[PDB]
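Working notes, structure below.
For neighbour counting, all protein chains shown are included, and Cβ atoms are generated from backbone atoms with ideal geometry for every residue, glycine included. What follows is calculated from the coordinates using simple rules that are stated; it is not laboratory data.
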Amino acid sequence: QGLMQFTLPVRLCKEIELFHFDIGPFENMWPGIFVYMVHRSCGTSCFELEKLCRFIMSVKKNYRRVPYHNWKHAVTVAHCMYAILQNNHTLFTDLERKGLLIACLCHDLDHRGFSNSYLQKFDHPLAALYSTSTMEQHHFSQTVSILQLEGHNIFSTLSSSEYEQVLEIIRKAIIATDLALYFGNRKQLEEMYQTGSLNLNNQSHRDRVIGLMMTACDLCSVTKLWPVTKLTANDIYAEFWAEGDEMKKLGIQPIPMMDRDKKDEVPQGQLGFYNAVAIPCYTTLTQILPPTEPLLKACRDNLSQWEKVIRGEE
Ligand SMILES: Cc1nn(C)c(C(=O)Nc2ccn3cc(-c4ccccc4)nc3n2)c1Br
Ligand SMILES: [Mg+2]
Ligand SMILES: [Zn+2]
């Protein structure tokens, strides 16, 4: 009988319920922040704590020391999904809520800071094992691996068929973080909502809405207060530019997003992205799940902050 709660300090206990929460620069608190989120989202009974803790720590170990796709990203993306699940209490099964916080913390396992594009032009062995969504099939592969280490099976009290449902929600959730897949997924959801045929009882439909949720959580840097958003931009471009450096070494002109000699275009490159991906993403999500409106508001605040960078007012 487990009378053992995690409690956070007052400021965190209050801020962590808000969508724009920043998990802070103290790495050693991030595991307690995740367990706290599982317990409130899912219950104290969801996972054997010894097993949960061991799993968290093996996930941490299999994230690399890159500027953006790192352990802090993992925990950030999982906090966004917690906030979505907490403002949509009744819409999700017990299994989706277990699976989705895990999917979020695993979604970029063993990321090296390179796009799928660069793996295919480098001719990386993972581009032969997996032809599309290369890094994403790999992240799911790494998650099965850690799940199958001794003491690390956190679903060990699910039946054979419940266990297979959760691993299938985790798989689809990780594949959907392939931003190449998002454009189609969002248009479909857009039509389904506007012709009125979107049904949350239809598993193929649920699967699209989770997919969208995964895109929203993954991109949640654009939904933070401006000082966080802006400082996280530096880390994103530090990967993008290292990737352009590697493209130039293969003898290919990278796109300007990856070319550090084109740092000047960055504010205009963020507008493109906010208009072409982020605003559309958080728009369709608010339409399907009205309580996520604060992600769209925050996103429109950061688009307005980037227009102010261009008009030389910062
Ligand atoms: C959060 C977040 N998650 N992702 C995947 C992104 C992203 O993809 N951001 C982007 C998109 C397109 N861009 C074009 C340029 C750019 C720069 C200089 C000169 C010219 C163009 N910069 C861009 N940045 C952001 Br934010
Ligand atoms: Mg990813
Ligand atoms: Zn990610």
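Things worth noting here:
- Computed from point charges on the beta carbon alone (+1 for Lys and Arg, -1 for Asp and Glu), the dipole magnitude for region 73-194 about its Cα centre is near 240 Debye.
- For region 116-185 versus region 228-267, the gap between their alpha-carbon centres in whole angstrom: 26 Å
- For region 1-95, the relative contact order works out to 35 percent when only alpha carbon pairs closer than 8 Å and six or more residues apart are counted.
- Region 29-311: relative contact order in percent, alpha carbon pairs under 8 Å with at least 6 residues between: 19 percent
- Legend: ranking of residues 258, 29, 4, 214 from fewest to most surrounding C-beta atoms inside 10 Å; resulting order 4, 29, 258, 214.
- Residue exposure sequence - 286, 93, 134 - by fewest surrounding Cβ within 10 Å: 93, 286, 134
- Whole-Hz couplings from phi, Karplus 6.51/-1.76/1.60, listed for region 35-49; x for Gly and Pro: 4, 3, 6, 4, 4, 7, 8, 9, x, 6, 8, 3, 9, 4, 4
- HN-Hα J in Hz across region 304-312 - Karplus 6.51, -1.76, 1.60, θ = phi - 60°, x for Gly and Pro: 4, 4, 6, 4, 5, 4, 5, 6, x
- 12 Å beta-carbon shell around residue 284, net charge (K/R +1, D/E -1): +1
- Enclosing the Cα atoms of the chain in their convex hull gives a volume equal to 144 cubic angstrom per residue.
- Dipole of region 117-187 computed with +1 at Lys/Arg Cβ and -1 at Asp/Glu Cβ about the Cα centre; of 160, 181, 139, farthest Cα towards the positive end is 181.
- Shape call, region 155-243: gyration tensor on alpha carbons, a/c limit 1.5: oblate
- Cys residues of the chain that find no other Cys beta carbon under 4.7 Å: 13, 53, 104, 106, 281, 299.
- Counting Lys and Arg as +1 and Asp and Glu as -1 over every other residue whose Cβ lies under 9 Å from the Cβ of residue 21, the net charge comes to -2.
- Each residue of region 270-287 was assigned a 3J(HN,Hα) from its phi angle through the Karplus curve 6.51 cos²θ - 1.76 cosθ + 1.60 (θ = phi - 60°); the sequence is 5, 3, x, 5, 4, 5, 6, 10, 5, 4, x, 4, 6, 3, 3, 5, 4, 4 Hz, with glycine and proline shown as x.
- Each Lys and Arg Cβ is given +1 and each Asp and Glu Cβ -1; about its Cα centre, the chain then shows a dipole of about 280 debye.
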